[PDB]
Amino acid sequence: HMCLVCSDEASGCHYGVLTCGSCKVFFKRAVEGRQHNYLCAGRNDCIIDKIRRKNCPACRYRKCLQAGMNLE
Amino acid sequence: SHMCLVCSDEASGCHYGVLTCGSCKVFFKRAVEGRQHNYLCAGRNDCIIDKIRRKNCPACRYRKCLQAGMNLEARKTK
DNA sequence: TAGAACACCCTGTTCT
DNA sequence: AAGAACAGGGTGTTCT
Ligand SMILES: [Zn+2]
Ligand SMILES: [Zn+2]
Ligand SMILES: [Zn+2]
Ligand SMILES: [Zn+2]
């Protein structure tokens with residue numbers, strides 16, 4: 001019942017991982033564009049939780065990958 | 001000189017009392033009008049706020065606006 | 001479940 | 001200088 005990426009409430013397995021809906025669509029958008037232009041403003045370790053996941057796409061997106069998320 | 005004191009992009013004038021670029025000018029007005037907006041840093045409250053990163057952390061960008069002295073009444077303060 | 005799309009929000013520029 | 005508002009993007013939900 002918990003997103004592996006942002007620890008929000010998960011809506012099932014998306015792209016191989018238990019994630020919420022916001023993290024599902026975020027991951028899709030990133031891998032298809034787009035992630036090449038992401039740059040963390042901290043230290044590549046931002047907190048990704050429900051309230052702060054919007055802040056750093058670079059860390060969000062790295063969390064996605066590390067959690068296993070994958071297209072096929 | 002000619003650089004924004006909040007983000008270091010090219011400053012365009014002295015806005016709300018401080019040399020800043022246009023994007024920080026309207027960021028700051030939008031932050032202090034209405035609110036609470038609210039902004040939280042996902043880092044350690046010391047994010048790098050520059051042209052390429054200032055969108056990532058409105059919390060640190062707003063703190064840098066305040067720390068530089070921005071204030072609405074800077075005009076009517078003569 | 002994967003993807004479309006809408007509504008809403010944030011940003012930075014123009015303002016004929 | 002200050003402020004409105006347009007255009008462009010991002011987010012997250014609903015819908016299919
Ligand atoms: Zn999530
Ligand atoms: Zn980060
Ligand atoms: Zn600036
Ligand atoms: Zn920050």
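Chain naming here is simple, since letters A, B, ... match the order of the sequence lines and numbering starts at 1 in each.
Per the geometry, CD belonging to B:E10 stands 15 Å off P belonging to C:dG12, to the nearest Å. Counting to the nearest Å, the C1' atom of D:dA4 and the NZ atom of B:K29 are 10 Å from each other. Atom CD in B:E73 sits roughly 14 Å away from atom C1' in D:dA1 (whole-Å rounding). For the pair B:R35 CZ and C:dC9 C1', the interatomic distance rounds to 18 Å; values are reported in whole Å. If you take CG of A:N55 and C1' of C:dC10, they are 12 Å apart, rounded to a whole angstrom.
Judged by distance alone, with hydrogens and angles left aside, B:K25 brings a side-chain donor or acceptor within reach of the base of D:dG3, the pair sitting under 3.5 Å. Judged by atom type and distance alone, B:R30 reaches the base of C:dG12 through a side-chain donor-acceptor pair under 3.5 Å.
In the set D:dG10, C:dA2, C:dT13, the nucleotide with an atom closest to the side chain of B:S23 is C:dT13. When distances are taken from the side chain of A:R53 to each of D:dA5, C:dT11, D:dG12, the shortest belongs to D:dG12. Counting only heavy atoms from C-beta on, A:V25 has its side chain closest to D:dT13 among D:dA2, D:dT13, C:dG12.
Comparing B:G22 and B:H37 against DNA chain C, the residue whose closest nucleotide sits nearer the 5' end is B:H37. Map B:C24 and A:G16 each onto its nearest nucleotide of DNA chain C; the residue landing nearer the 5' end is A:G16.
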